Structure formats: structure tokens, C-alpha cells
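Novice: Could you have a look at this structure, given as C-alpha cells, before my questions?
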Number of protein chains: 2
Amino acid sequence: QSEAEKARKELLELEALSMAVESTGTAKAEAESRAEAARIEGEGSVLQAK
Amino acid sequence: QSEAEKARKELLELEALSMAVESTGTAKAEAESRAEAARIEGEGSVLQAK
């Protein structure tokens, strides 16, 4: 079990990176989809006001 | 049982590291996913206000 835990620490160190990529990708993809829509709506609003 | 406890201390000393990696990786992955989204929303908000 001690040898399994030496190996398991490295697996947990890798899962911490896989979980950071999956979480940041999801959060960034949603936030950037809102930022693009709000910029399109904002640039459109400047012309509509004109 | 005394010989088993000498070996078991080393296993528990290793599990304390595995448990620190699993807990810190989970906490960091969530917090950084919020920090990235809140930065995208903040930089987007500066342009929307402009």
C-alpha cells in the first residue's frame, strides 16, 4: 500500500491539472460567449441610437 | 503489531501528502475557474460601459 500511495500521489497531481483545464475551459467559454454577445449588442446600440 | 505500526506510520505519512494534493487541487481548480470568469466579465464590463 505504501508503494501504491507513492504512485497515487503522482496520479492525484495529474488529476489536479486535468480538473483545472476542464473547469477553466468551461468557465472561460461561457464568459467569452457573453462578452461577444454584449459587445455585438453594444456596438449595435451605438448605431441604433444614431 | 509493533512491526506493522512502524510500517503503517510511513503509509499514513504518505496518505497525508495524497490528501493534501487532492484537497488543494480541487479547491484551486474551482477558485481559478471563478477568477478567470470574473476577469473576462470585468474586462468585458469596461468595454460595455465605454
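The way I read the labels, and the way they are meant: chains A, B, ... in the order of the C-alpha cells, residue 1 as the first residue of every chain, and ligand 1 as the first ligand shown, with later ones counted on from there.
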Over all C-alpha pairs taken in sequence order, what does chain B look like after a least-squares fit onto chain A? Please give it as a short mmCIF file (atom, residue, chain, number, x, y, z; two decimals) with C-alpha atoms, in the first residue's frame.

Specialist:
data_model
loop_
_atom_site.label_atom_id
_atom_site.label_comp_id
_atom_site.auth_asym_id
_atom_site.auth_seq_id
_atom_site.Cartn_x
_atom_site.Cartn_y
_atom_site.Cartn_z
CA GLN B 1 -0.01 -0.01 0.04
CA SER B 2 2.96 2.34 0.68
CA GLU B 3 4.24 1.67 -2.90
CA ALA B 4 0.72 2.25 -4.27
CA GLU B 5 0.49 5.65 -2.42
CA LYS B 6 3.87 6.77 -3.89
CA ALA B 7 2.39 6.22 -7.39
CA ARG B 8 -1.09 7.52 -6.38
CA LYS B 9 0.34 10.94 -5.37
CA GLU B 10 1.58 11.36 -8.97
CA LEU B 11 -1.87 10.38 -10.34
CA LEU B 12 -3.57 12.92 -7.99
CA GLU B 13 -1.01 15.58 -9.02
CA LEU B 14 -2.02 14.94 -12.68
CA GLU B 15 -5.80 14.88 -11.99
CA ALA B 16 -5.38 18.33 -10.34
CA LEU B 17 -4.25 19.65 -13.79
CA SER B 18 -7.02 17.81 -15.75
CA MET B 19 -9.60 19.27 -13.30
CA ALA B 20 -8.10 22.79 -13.69
CA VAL B 21 -8.31 22.59 -17.55
CA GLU B 22 -11.90 21.22 -17.52
CA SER B 23 -13.10 23.85 -14.99
CA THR B 24 -11.31 26.87 -16.53
CA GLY B 25 -12.28 25.87 -20.10
CA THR B 26 -15.99 25.65 -19.11
CA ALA B 27 -15.92 28.98 -17.20
CA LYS B 28 -13.95 30.83 -19.95
CA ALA B 29 -16.16 29.49 -22.79
CA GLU B 30 -19.35 30.76 -21.08
CA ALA B 31 -17.93 34.16 -20.03
CA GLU B 32 -16.45 34.87 -23.51
CA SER B 33 -19.76 33.89 -25.20
CA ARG B 34 -21.51 36.59 -23.07
CA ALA B 35 -18.72 39.15 -23.66
CA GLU B 36 -18.93 38.68 -27.47
CA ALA B 37 -22.76 38.98 -27.52
CA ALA B 38 -22.71 42.04 -25.19
CA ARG B 39 -20.10 43.74 -27.47
CA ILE B 40 -22.18 43.05 -30.63
CA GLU B 41 -25.29 44.39 -28.80
CA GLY B 42 -23.30 47.44 -27.60
CA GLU B 43 -21.83 48.40 -31.01
CA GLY B 44 -25.30 47.82 -32.53
CA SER B 45 -26.86 50.07 -29.82
CA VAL B 46 -24.50 52.97 -30.78
CA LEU B 47 -25.80 52.81 -34.39
CA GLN B 48 -29.46 52.40 -33.28
CA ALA B 49 -29.07 55.53 -31.07
CA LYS B 50 -27.54 57.38 -34.11
#
